[PDB]
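One chain follows as structure tokens, the form deposited without the named molecule.
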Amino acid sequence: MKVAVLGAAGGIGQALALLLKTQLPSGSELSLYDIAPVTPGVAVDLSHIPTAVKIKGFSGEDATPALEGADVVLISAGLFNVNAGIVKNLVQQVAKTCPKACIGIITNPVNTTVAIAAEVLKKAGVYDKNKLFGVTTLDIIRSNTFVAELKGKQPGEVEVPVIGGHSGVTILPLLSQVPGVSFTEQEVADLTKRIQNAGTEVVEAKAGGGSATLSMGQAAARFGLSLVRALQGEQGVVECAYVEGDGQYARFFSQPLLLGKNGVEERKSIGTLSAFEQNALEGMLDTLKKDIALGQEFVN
């Protein structure tokens, strides 16, 4: 099982490649691609770590050598028009090479970049809605951290469902579904406000030094590993991701997903929502639908 990381020389990409090199199952393969000429040396660097994960790095404007045989493609390359054009170009490159591969978009704005990728794969006639994922895992592990700190739980034993989008008011953590933990109405609003603004927390603390890179690589690594495990045939692998589903709330929407040997095996229901959550859901659907349309019009 081969994972291709497009944009592997950036902050997110290098952290993701390090975690995949050290945590991918034995026998996996890892290919790094980035326009930065350092990328082949990034792979040789990681190649000295003693794990059973073959790794090779590529540069230049042609990513196709890195994409050959890839079963999973994670795109973290990357103002909006520049990043939007980068996502569209790289997804067009994947459609020429590995039309099967599961594709996880990390490049922000995820609410828009996933719609960009979908319209591209459609134009190439290779689009499979069970194989395109918007990586929203950072919202989950942030919610796990904030809930565990507030409620005095072990951070590794808390799992918060997070649905909707990946930006601002479209991030809706379903705090009413955390087992064994109850929240006041003040704690729900406060936690929701911090979870929706957590990206700005990092930008301000970095004093202009950028946004989240290390925790984003950790979240992307968690999702990629779950995908790889499910593609190997492991059962009961459930992760949340921004995907094109039934369109009950929006064309793309983050929800629990049973993963399988072909990507999505079943889109699980979001479950019961509290009054606060159902109101936060319908209050942000307009912004989410506009996020999607922005990506749809960028391609069309």
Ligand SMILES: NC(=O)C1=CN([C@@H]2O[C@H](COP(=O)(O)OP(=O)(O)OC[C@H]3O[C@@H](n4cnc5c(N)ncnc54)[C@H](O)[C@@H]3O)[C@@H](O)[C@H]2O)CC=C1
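Don't overthink the numbering: it's just position in the shown sequence, from 1.
Although not depicted, the form deposited with the named molecule bound is the subject of the following passage.
Checklist entry - Superimposing the C-alphas around the site, does the named molecule, as posed in the entry with it bound, end up open here or blocked, where blocked is 3 or more of its atoms within 2.4 Å of backbone or C-beta atoms? => result Here the site is open.
Checklist entry - So in the entry with it bound, are 9, 83 and 86 all sitting within 4.5 Å of the named molecule, heavy atoms only? => result All three within 4.5 Å in the entry with it bound.
Item to check | Of 212, 172, 103, 221, the one that lies within 4.5 Å of the named molecule in the entry with it bound (heavy atoms) | outcome: Of the candidates 212, 172, 103, 221, 212 is the one lying within 4.5 Å of the named molecule in the entry with it bound.
Checklist entry - Since exactly one of 160, 216, 228, 195 fits, which has a heavy atom within 4.5 Å of the named molecule in the entry with it bound? => result Looking at the other structure, the residue within range turns out to be 216.
Item to check | Location of the named molecule contact in the entry with it bound, chosen stretch of 32-40, 239-247, 48-56, 252-260 [non-hydrogen atom, 4.5 Å] | outcome: Every other range fails; the passing one is 32-40.
Checklist entry - Would residue 107 sit within 4.5 Å of the named molecule in the entry with it bound, counting heavy atoms only? => result Residue-level check for residue 107: yes, a contact with the named molecule.
Checklist entry - Taking 4.5 angstroms as the cut-off for heavy atoms, does residue 115 touch the named molecule in the entry with it bound? => result Residue 115: no, not in contact with the named molecule in the entry with it bound.
Checklist entry - With the partner left out of view, is residue 138 within 4.5 angstroms of the named molecule in the entry with it bound by any non-hydrogen atom? => result Answer yes; at least one heavy atom of residue 138 falls within 4.5 Å of the named molecule in the entry with it bound.
Item to check | residue 168, heavy atom within 4.5 angstroms of the named molecule in the entry with it bound | outcome: Contact with the named molecule, no.
Next on the checklist: Only counting heavy atoms and a 4.5 Å limit, does any residue of 60-93 reach the named molecule in the entry with it bound, and if so which ones?
Outcome noted: In sequence order, 76, 77, 78, 83, 86, 89, 90 come within 4.5 Å of the partner.
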